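# Survey of secondary and tertiary structure
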Amino acid sequence: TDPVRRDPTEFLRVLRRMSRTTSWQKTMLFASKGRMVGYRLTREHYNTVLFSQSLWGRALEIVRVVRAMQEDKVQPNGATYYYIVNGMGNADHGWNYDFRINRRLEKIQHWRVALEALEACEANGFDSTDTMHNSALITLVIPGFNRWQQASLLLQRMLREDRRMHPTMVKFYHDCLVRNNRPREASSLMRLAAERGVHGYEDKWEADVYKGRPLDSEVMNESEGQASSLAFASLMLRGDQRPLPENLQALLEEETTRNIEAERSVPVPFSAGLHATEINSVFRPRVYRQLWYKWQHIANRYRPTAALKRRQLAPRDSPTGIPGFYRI
Amino acid sequence: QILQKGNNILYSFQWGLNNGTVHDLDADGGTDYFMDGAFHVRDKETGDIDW
Amino acid sequence: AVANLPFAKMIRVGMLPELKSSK
Amino acid sequence: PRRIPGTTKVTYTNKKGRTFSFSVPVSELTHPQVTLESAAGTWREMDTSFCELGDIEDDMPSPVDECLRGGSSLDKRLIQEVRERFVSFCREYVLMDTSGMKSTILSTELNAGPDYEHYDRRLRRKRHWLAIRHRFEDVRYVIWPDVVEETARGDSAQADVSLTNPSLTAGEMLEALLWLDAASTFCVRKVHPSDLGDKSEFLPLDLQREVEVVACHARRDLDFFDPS
Amino acid sequence: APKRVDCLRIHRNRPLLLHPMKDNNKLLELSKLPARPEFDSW
Amino acid sequence: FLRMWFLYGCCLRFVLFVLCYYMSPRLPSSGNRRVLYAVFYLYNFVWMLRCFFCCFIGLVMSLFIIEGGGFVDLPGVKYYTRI
Amino acid sequence: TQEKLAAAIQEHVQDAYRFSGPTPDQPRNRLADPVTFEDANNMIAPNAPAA
Amino acid sequence: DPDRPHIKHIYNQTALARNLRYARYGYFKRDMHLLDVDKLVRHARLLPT
Amino acid sequence: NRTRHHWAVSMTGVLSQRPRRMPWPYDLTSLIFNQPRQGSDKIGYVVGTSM
Amino acid sequence: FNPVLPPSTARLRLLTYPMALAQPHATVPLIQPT
Amino acid sequence: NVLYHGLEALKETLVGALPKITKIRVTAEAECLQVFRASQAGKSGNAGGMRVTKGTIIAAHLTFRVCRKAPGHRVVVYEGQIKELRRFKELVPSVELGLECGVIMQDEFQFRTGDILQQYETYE
Amino acid sequence: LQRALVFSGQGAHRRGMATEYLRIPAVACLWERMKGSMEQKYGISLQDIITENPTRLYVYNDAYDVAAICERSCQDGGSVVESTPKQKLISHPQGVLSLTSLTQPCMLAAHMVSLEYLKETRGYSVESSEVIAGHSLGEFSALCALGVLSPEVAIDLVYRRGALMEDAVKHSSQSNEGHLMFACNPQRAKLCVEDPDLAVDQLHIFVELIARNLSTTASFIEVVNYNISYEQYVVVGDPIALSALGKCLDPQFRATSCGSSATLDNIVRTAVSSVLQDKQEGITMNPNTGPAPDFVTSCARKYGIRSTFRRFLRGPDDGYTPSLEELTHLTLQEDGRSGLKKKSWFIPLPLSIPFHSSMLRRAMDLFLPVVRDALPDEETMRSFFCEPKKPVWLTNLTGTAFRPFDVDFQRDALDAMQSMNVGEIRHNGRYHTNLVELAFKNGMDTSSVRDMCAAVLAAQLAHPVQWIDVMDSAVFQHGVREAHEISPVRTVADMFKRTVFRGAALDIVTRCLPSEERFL
RNA sequence: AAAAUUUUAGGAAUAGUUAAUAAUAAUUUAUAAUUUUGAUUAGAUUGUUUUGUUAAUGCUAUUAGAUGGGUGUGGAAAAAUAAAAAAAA
Ligand SMILES: [Mg+2]
């Protein structure tokens, strides 16, 4: 308990060093035990801890830090909200051979936590950046979650505020829409990406085949407020296709519904009850493979498509640079 | 994989008056030379190479 | 000597516990 | 105007010739923090009462908690939402995939719950069933309100009240009771020294009153059973 | 009206071929994504 | 076998000139022996060493080939430039 | 038990502080803070000047 | 806690983790102020008279 | 690594390790039993019945 | 009816004391003259 | 990709290696036309009505200078500051070039006709 | 569905521009004509400036003299010998193309070559458009597209306009760092979100209060142009006034720093007091600069041999997640305390000239003869403008159909001439004449369509661009639902898409023809 | 399907876990399993008389080129570079 270390200055310096060098466990343990033993954690300390947790994509740890901060009555700020949203967006997920990577994230409502963080950031008067909105949308549209309605609402408010769409968010939202069978919304998202100029989406532009069709919510509201007549508007016609008398139309529609339900009820072998978007989809934050990225852009700086295999950066009988290397 | 016999090829390409040849042939006692990569003429006034 | 330095007084007054009044 | 003090920026010259420029906020470490005012006018703290953690003391959050938060159990729509969420919770528990559970006594977990990496394996199902027990004890009288036959006039008044407020029909009440009975029969039986709760908790439930209420509603309706 | 593969002699003058990475893995998209989202253009 | 640390097992090394200067030999020997600073990159890492410059001062050389020596007269250097 | 737990947590904090490596010497800390006893003690109450 | 251990085999005879020597009365003299005398009597080595 | 640290060229192979270690079939089991295959029959002491 | 506040706040409160100069409504100086 | 562009860049980076040189850069100046006896300026201070050319004059500027013609020699005296700058009958923050303006220097200084007031700046 | 031919402003900057479109022989001939004209008249190589964009350029000596620039014949083509030495140096840190005096000719040439590419490839016709307009330099570009000004003359005209702007900036005492431009978004500023009209009213009140509070010193701030209905207003000024405006446009400053109930005057007073306090403390000016470049070292003594010749990582994620030292716009602790910080509602601009400001009245007066003696005499201008022949041209000042013979348009133009910026203060010592107003009065007394056009062109050099009114008149009065806006970077088509017009909102389909020709 | 043999200067905990089962596709039961006789993770390295050397049971080499989402086809996946190979007159 030397006086050189029993001071807030050295504690903050070591906390910054761990947040910039080591993993999230070091910062969490050091902060919690210092708080227990007598070091007071201010806004700077909490923001450093949350920066580390967001960088490593931890959700439960972020929630615990938020609870401790609220208990200690530390007021958050824009950096705190940004870190919370970024951590919730960087929470690792996916399926690896019918094995779910992060099933605890299902019960940890990180999408709701991020949405509340964004709402608080906007309400308190801080400047919410586009990365926060994109991370909030990703939290809704990750493969384990199906919240495309709230994702659409968030994207509409983003477009009204003229925000920027990230390629990763666009890809995840498109995958979610295709998985949830929303071709109209997927085409709209693709057209928006092509118009804005998102990287990789400058050529995925397609004609709108639902140009004259009303919304599903519109037809539902019309039915709630003749449903037999509204069925003709609900069903799409090709122009050269003409309606049939309603008595036979009802039978035909019932036949089509029964056939579609029978087709979709059939189990898909070897799919593990997972969609094609969820098959072989494991996402982890870039902190996991930062060393791989750095050494790839050194050993194969001019061969980006080449695989970063060992013996390119180390001889035989000698250690390679990256300890974990591929995965763990 | 290490390329030796490269200075031997560069010997045929470096024409002109050799720096070592000039240093050996300079019989003047007033002048002074120093060797870093070649025998450069030292300036007595400043100690640097004589431009 | 670092312990004797005046910043230790700042640390002590900052970490001084609040005392609840008797009920 | 409550101006926030600035960090102390120091430049140090290493003996090797390097320079380090770092800003240590020494002022805002002992001085009290400068709180800000929300743009909307009042500060809104983020809510984290719905997240599920490895907190052993806290009960596992359920969707029934959101409906119980309001407390307006008189509303028929609220009652229907409560019933739907409770049935969903019980059905999720019954159909839970119990592949890698491995619930056995571990010595090292005497003074704490299961390990962080063992939460889903040897803690999730027990917490889920304890939450089911708590939610049932909270909302049993809402899902199956107590019946009172009284005399003939009392029965007439009870029938009039039931027809005025048929919040839940006999079919869905029976479905809820069936899922509750299935969960009770497939409850968690093995207790651990780390279990801070009472040992009698890990026992099947007694649903005599609920059976009586659903029978009352079944005889209230004209034909509860069909040849199908 | 095929493509060469770069070779590196690692040890004992044994060649090593760095074949192109499979198009399905996440590492190619990781390289394609921007490095600093706040600073670089998306 | 701590000698020839910078050879990395190869019988020779490919280095590039950076600086050149002189050092006094160990006592009782006296003089100004010429030694050159050399830099080389191996497996994406730069290395700096000091080697005795026994090569003739002829052409303007930028690279050098380094072999082992053995003369215990200069404390700190054990690498010699091939002629 | 409270005091023993506090001592154990302090020992854990020392083990964590071991991550920082050897501690720097006095002049770094001495030049880190220009604070004086006046600013140190004005936080609680302002003492009258000596008479 | 010796009376209610949360682990099995409190002591061990490894090379670098021997803790039997660290159970004698001399080590508990340091924390004798917080010491439980019954626990000391029941679990300690080389106790004096 | 928390257990072993790698700082030089390591030996490779199972039966090429120096000093050599090899199986020694001649023991009590070979003296007592006529094994149809190596390690088919064994003799030992029970050291647990928890399962 | 309303779910209780999380009793896990006891863990956060464990081995913590209210700092005199870190209270939400604490000023400098801590004690003011009358 | 251009030879002379590369040559210009090489010359720029060769010149940039030389140590810094301090240059007194004059931003604007005014030439005295008439001088009036000002009571508020002081017994030793006289107001000056003059025309400003080659830029505007900032009254709040710090470093000023006076140039007097002696004999085609131009001596520099009174590195001071403007006290009160007024055009017409109202104080002005700055007067643009071409417009006549009245200036009063500080430190109770008086200047005759033909003087040149210059605002300058020192920088590396 | 009638196309509106919109031209981008001078804000767009690109090294590439329209170099790829020179493959067509006709476009190459037009490009060579313009480049040769510019080189023969001033020794300026537009192709070199575009393709290379160096930091130092050499042009003809004594070719930047203001007297010659003003009094030279714009129509006449210089016959300067190609052996004339080029000893005049033009140096900019970012690049030569960043300099406005040379940016404008390059942007006009890019617009012309893109239009020529469209015409030659797709048979695109300007006459098919029923309305034509441009942002700032887009006005001259649109006039050249119509044909009243040849491109050879127009390149010289825009170069002279830029040179006059640079001369005005040089005559201004404040250095180039003291002149900055910002785009403000009152909607995201959270100034009465319920009523965006009250939002813009509060913005105008804020800028007027700042101008009044700082009228004692040389500081200035005034609204320059209105781009989007409630999303983009470009204003310029000195760093002090800009920081005060940034602090005013900050909900946190209005919440905890001062008031949350105080009036706008009190908010502005607290903002200026806080800016003065920041100056006293030592807050850095222009904190919106980017971070330090990637650090690569080779001194093994200070950092070790293992770190030599290698870039240092920007944190564990290589800067993917910014740290507290990079999130200063969120932590109002240091480097973000000043109002100059970018906060998604107070956006800095790279341009270092107060375009369309009170500082350019002298430049406007000097530039009026330049466009007076550059237009065709009386035939083609009157043929184009008269009754009006499509496409109709809209002016930046009081955006309306150019109807010189209409009393309504004359009154609108007179109001523009006699108008004033929102935060302008014309106290004594400020240059102020009425040459443009008298020129337009003469153009109203006698027909002189050429003189009226010259006056209205010169007015926009120091008068605000009413682009909101331009959009409204294009959509509603002229019935336009489609915009063909030529821009390398989609400068104003994005604003055209963002703004919503109520007529049930009329749909506007906008595109950059040289950039997304495939969609056309 | 089994048994033996199995690397690291600065040595410690590991875990879709062990067994039983009327349980294919385990809602259960247990004082479970691994490990200081060296585990798990991380580093190196294609495992079982083949090379070199010596008086040597020492020291020093070695591509036996071997494995879950790309098609459920096929008796059997190993199935999308090659590798001296005769494939129904
Ligand atoms: Mg082993």
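Residues numbered from 1 in each chain as written, not as in the entry; some residues may be left out. Chains lettered and ligands numbered in written order. Part of a larger assembly, values for the part shown. Heavy atoms only, no water. Residues with missing side-chain atoms left out of burial classes, pairs and counts.

Method of determination, as given in the entry header: cryo-EM; reported resolution: 3.6 Å.

## A short note on the overall build of chain L
Looking only at helices and strands, chain L features 18 helices and 14 strands. Over its C-alpha atoms chain L spans a radius of gyration of 24 Å, differing by no more than 12% from the 24 Å that the globule rule assigns to 520 residues. Here the C-alpha coordinates of chain L stretch approximately 70 × 60 × 50 Å along the principal axes. When burial is assessed residue by residue, chain L has 59% of its 520 residues classed as buried. Carbon and sulfur atoms form 51% of the exposed surface of chain L, whose accessible area is close to 20000 Å². Distance from the positive charge centre (52 side chains) to the negative charge centre (61 side chains) of chain L: 5 Å. (Helix = DSSP H or I, 4+ residues; strand = E, 2+ residues; numbered from the N terminus. Rg over C-alpha atoms; globule rule 2.2 N^0.38 Å. Buried < 20%, exposed > 50% of the residue type's maximum accessible area, 1.4 Å probe, protein only. Areas by Shrake-Rupley, 256 points an atom, 1.4 Å probe, with all protein chains shown as cover. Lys, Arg positive; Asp, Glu negative; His and termini not counted. Charge placed at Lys NZ, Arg CZ, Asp CG, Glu CD.)

## A few points about the sheet that holds strand β10 (residues 465-466) of chain L
Residues and elements named next belong to chain L. Taken together, five strands build an open sheet; the order of strands is β8-β5-β7-β6-β10 and the sheet is mixed. Each having just a single partner strand, β8 (346-349) and β10 make up the two edges of the open sheet. As paired elements, strand β6 (residues 221-228) and strand β7 (residues 232-237) share six bridges and run antiparallel to each other. Bridged to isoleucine 228 within β7 is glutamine 232. (Pairing = 2+ DSSP bridges.)

## Examining helix α10 (residues 264-281) of chain L
For an α-helix, 3.6 residues make a turn, and residues three or four places apart therefore share a direction. All names here are of chain L. Between its first and last C-alpha, α10 extends 25 Å over 18 residues, near the 26 Å set by a 1.5 Å rise per residue. Where α10 is concerned, the buried positions are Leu264, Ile267, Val268, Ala271, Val272, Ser274, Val275 and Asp278. Buried positions in α10, seen along its axis, are confined to an arc of 160° and lie on one side of it. Exposed side chains of α10 directed beyond 90 degrees from the buried face belong to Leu276 and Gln280. Structurally, α10 contributes buried residues whose contacts are with α7 (196-213), α8 (239-248) and α9 (251-257). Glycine 282 occupies a position one or two residues after α10 and carries a positive phi of about 120°. (Expected span 1.5 Å × (residues − 1). Arc of directions from axis to C-beta. Contact = heavy atoms within 4.5 Å.)

## Here's the deal with the arrangement of the chains
The interface with the highest contact count, out of 22 pairs of chains in contact, is the one between chains A and D. Over all C-alpha pairs, chain B and chain D never come within contact, reaching a minimum spacing of 25 Å. Kept free of each other, chain J and chain K leave a smallest C-alpha distance of 39 Å between them.

## Details of the side chain of A:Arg43
Tracing the chain through its elements places A:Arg43 in helix α3 (residues 43-55). The buried charged residue A:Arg43 lacks any salt bridge partner; its closest oppositely charged side chain belongs to A:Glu44, at an N-O distance of 8.1 Å. Reaching out from A:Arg43, the side chain makes a polar contact with the backbone oxygen of A:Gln75 at a distance of 3.0 Å. In terms of polar contacts, A:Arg43 uses its side chain to reach the side chain of D:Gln33, at 3.0 Å. (Salt bridge = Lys/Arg side-chain N within 4 Å of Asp/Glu carboxyl O. Polar contact = N/O pair within 3.5 Å; in protein donor to acceptor, adjacent residues only side chain to side chain.)

## Some points on the protein's contact with RNA strand M
As a matter of local geometry, RNA strand M sits amid 58 residues, with A:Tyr97, A:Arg311, D:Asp120, I:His5 and I:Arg21 nearest to it. Restricting the count to atoms of RNA strand M within 4 Å of the protein gives a sugar and phosphate share of 55%. One nitrogen or oxygen atom from the side chain of E:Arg12 is found 3.5 Å from a sugar or linking oxygen belonging to RNA strand M. Between RNA strand M and I:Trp7, the relevant distance is 2.9 Å, taken from a base oxygen to a side-chain nitrogen or oxygen of the residue. Tallied by class, the residues present in the surface near RNA strand M amount to 18 nonpolar, 20 polar and 20 charged. (Near = heavy atom within 4 Å. Nonpolar A, V, L, I, M, F, W, Y, C, P; charged D, E, K, R; others polar.)

## Observations concerning the pattern of salt bridges
Taken as a whole and judged by the stated rule, the model has 68 salt bridges over all chains. Between K:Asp115 and K:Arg68 there is a salt bridge; the shortest N-O distance is 3.1 Å. Both residues of the pair, K:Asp115 and K:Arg68, belong to the buried class. Taken together, the salt bridges that share partners define one network made up of H:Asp1, H:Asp3, H:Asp38, H:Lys39 and H:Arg42.

## Comments concerning the packing of helix α5 (residues 78-90) of chain A against helix α7 (residues 110-124) of chain A
All names here are of chain A. At a minimum axis separation of 9 Å, α5 and α7 run at an interaxial angle of 160°. Taken together, the axes of α5 and α7 are roughly antiparallel relative to one another. Considering the relative orientation of α5 and α7, their crossing is left-handed. Facing α5, whose interface residues are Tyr81, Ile84, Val85 and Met88, α7 presents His110, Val113, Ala114, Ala117, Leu118, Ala120, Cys121 and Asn124. Considered class by class, the residues forming the contact of α5 with α7 number 10 nonpolar, two polar and no charged. (Axes fitted to C-alpha atoms, helices over the stretch in contact; angles between N-to-C directions. Parallel < 35°, antiparallel > 145°, perpendicular 65-115°, else oblique. Left-handed = near helix turned anticlockwise from the far one by under 90°.)

## Side note on the interface of chain C and chain J
Listed by partner, the interface residues are six residues for chain C and five residues for chain J. Regarding the contact of chain C and chain J, the summed buried area is about 500 Å², with carbon and sulfur atoms giving 66% of it. Its largest share of buried area at the contact with chain J, chain C owes to C:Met15, C:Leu16 and C:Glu18, together 63% of the area lost on that side. On the surface where chain C and chain J come into contact, there are zero salt bridges. Inspection of the chain C/chain J interface yields three residue pairs in polar contact. When its residues are assigned to classes, the side of chain C that touches chain J shows four nonpolar, one polar and one charged. (Buried area = accessible area lost by both parts, 1.4 Å probe.)

## So, a positive patch on the surface
Residues A:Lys171, A:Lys204, A:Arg327, E:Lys26 and E:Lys32 make up a contiguous surface patch of positive charge. Position of E:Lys32 among the secondary structure elements: in helix α1 (residues 26-32). Since its relative accessible area comes to 63%, E:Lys32 is described here as exposed. (Patch = residues over 30% accessible without salt bridge, like charges linked within 9 Å, V, L, I, M, F, W, Y side chains within 5 Å.)

## A look at the interface of chain D and chain A
On the side of chain A, 38 residues touch chain D, which itself brings 36 residues to the contact. Contact between chain D and chain A buries roughly 3200 Å² in total, counting both sides, with carbon and sulfur atoms accounting for 53%. Applying the counting rule to chain D against chain A returns four salt bridges. Notably, a salt bridge pairs A:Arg64 with D:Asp55, separated by 2.5 Å at the nearest N-O pair. Where chain D touches chain A, the interface holds 15 residue pairs in polar contact. Elements represented by at least two residues in the side of chain D that touches chain A include exactly β2 (19-24), α1 (27-30) and α4 (119-122) of chain D. It is α1(D) that provides the largest number of residues to the side of chain D that touches chain A, a total of three residues. Of the residues assigned to the side of chain D that touches chain A, the class counts are 16 nonpolar, nine polar and 11 charged.

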